[PDB]
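Shown below, as structure tokens, is a lone chain in the form deposited in one PDB entry; questions about how it binds or moves come after it.
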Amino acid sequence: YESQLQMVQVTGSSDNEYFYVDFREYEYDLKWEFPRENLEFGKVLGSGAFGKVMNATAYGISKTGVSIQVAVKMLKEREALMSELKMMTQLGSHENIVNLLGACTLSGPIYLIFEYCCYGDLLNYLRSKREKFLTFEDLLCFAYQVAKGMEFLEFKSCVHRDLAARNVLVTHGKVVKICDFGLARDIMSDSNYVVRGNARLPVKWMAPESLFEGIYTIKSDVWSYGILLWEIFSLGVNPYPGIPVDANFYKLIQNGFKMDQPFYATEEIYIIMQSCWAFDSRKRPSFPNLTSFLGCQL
């Protein structure tokens, strides 16, 4: 298990000159410690091979002496989860990120407590609304919000190695938040991940430099973001629909193959998508760039 949301530290001007920040040697700030008895567990939000994410009510975790809904990450009946915890305590909060609220790490199994998103992952949300088109303005708003969340991550020197609609969650006012919900799903039962030794790769969302060099930068995320845009404006269709993942898929990407304009996208949005898929990472737009284009389109 490992969160795909990771902090990195750039070492050179070249894309591959950076390393991942590992919080294993850092210390956990106990001000985040929450009483596990103040958690009232509800339904399972999703489960997988390593553990699961549970819904629950938390007594007094919020600034007020009120009880609220939260999402609790946990492992199958550890250091990796502690590192994710430490990492999220250092990130700071943002409206378009699923924020950490607390943790239980001392008198029992490790629990990471996050903000709860009542309407599940954005992919299922979109698919559940194919027969009820939610408006185009909402679509543009989801897009703008994800760009803003990614802009925050870029600012905090982080990258998401699995950016996709399945890792974006929806809450009350049509607000979406980026996270890593990998713990809440069985990667083995998800065909969007291709098995390769010890890796489970979301090939159809990967930038060429990630596919062919194992490189992951904020620019690679701009590419994945373009795929996520296609997911939004097609209402949740699998990317490169009908095309299998095999040696020919890799060759297609290498040759510059790009998806067609999805039905709900306008030509301006599609032009943005296409630029996100520039083979050369330098040619792709930046997130602050994308946030403006979209803010404007809005």
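The term rigid core refers to the maximal set of C-alpha atoms that superpose within 1.5 Å between the two forms. Only residues modelled in both forms are compared. Just count from 1 along the sequence shown to find any residue number.
What comes next is about the form solved in complex with a small molecule, which is not displayed.
>> With the distance limit set at 4.5 angstroms and only heavy atoms considered, check whether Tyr28, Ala56 and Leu101 all reach the small molecule in the bound PDB entry.
In response: None of them does, since no heavy atom lies within 4.5 Å of the partner.
> Just one of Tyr216, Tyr144, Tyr193, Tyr116 has a heavy atom within 4.5 angstroms of the small molecule in the bound PDB entry, so which one?
Replying inline: The option sitting close enough to the partner is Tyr116.
> If you check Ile253, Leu39, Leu45, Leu235 against the small molecule in the bound PDB entry, which one has a heavy atom within 4.5 Å?
Replying inline: Contact with the small molecule in the bound PDB entry is made by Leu45 alone.
>> So in the bound PDB entry, is the small molecule close enough to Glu84 to count as touching (4.5 Å, heavy atoms)?
In response: Contact with the small molecule, yes.
> With a 4.5 Å heavy atom cut-off, would you call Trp223 a contact of the small molecule in the bound PDB entry?
Replying inline: Close contact is absent here: in the bound PDB entry, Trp223 is far from the small molecule, nothing within 4.5 Å, heavy atoms only.
> So in the bound PDB entry, does any heavy atom of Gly120 sit within 4.5 Å of the small molecule?
Replying inline: Yes, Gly120 lies within 4.5 Å of the small molecule in the bound PDB entry.
>> Against the small molecule in the bound PDB entry, would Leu126 count as a contact residue? Criterion: heavy atoms within 4.5 Å.
In response: No, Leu126 sits far enough from the small molecule in the bound PDB entry that none of its heavy atoms falls within 4.5 Å.
>> Please identify, from 224 to 232, 136 to 144, 202 to 210, 87 to 95, the stretch that has a heavy atom within 4.5 Å of the small molecule in the bound PDB entry.
In response: Among the listed stretches, the partner-contacting one is 87 to 95.
> Quick one: with the rigid core lined up, which of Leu140, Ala184, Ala164, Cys158 moves its CA 2 Å or more between this form and the one not shown?
Replying inline: Comparing both forms, the shifted residue turns out to be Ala184.
>> Please list the stretches that shift between this form and the one not shown, defined as three or more consecutive residues with CA displacements of 2 Å or more after core superposition.
In response: Runs moving 2 Å or more: 182 to 184, 196 to 198.
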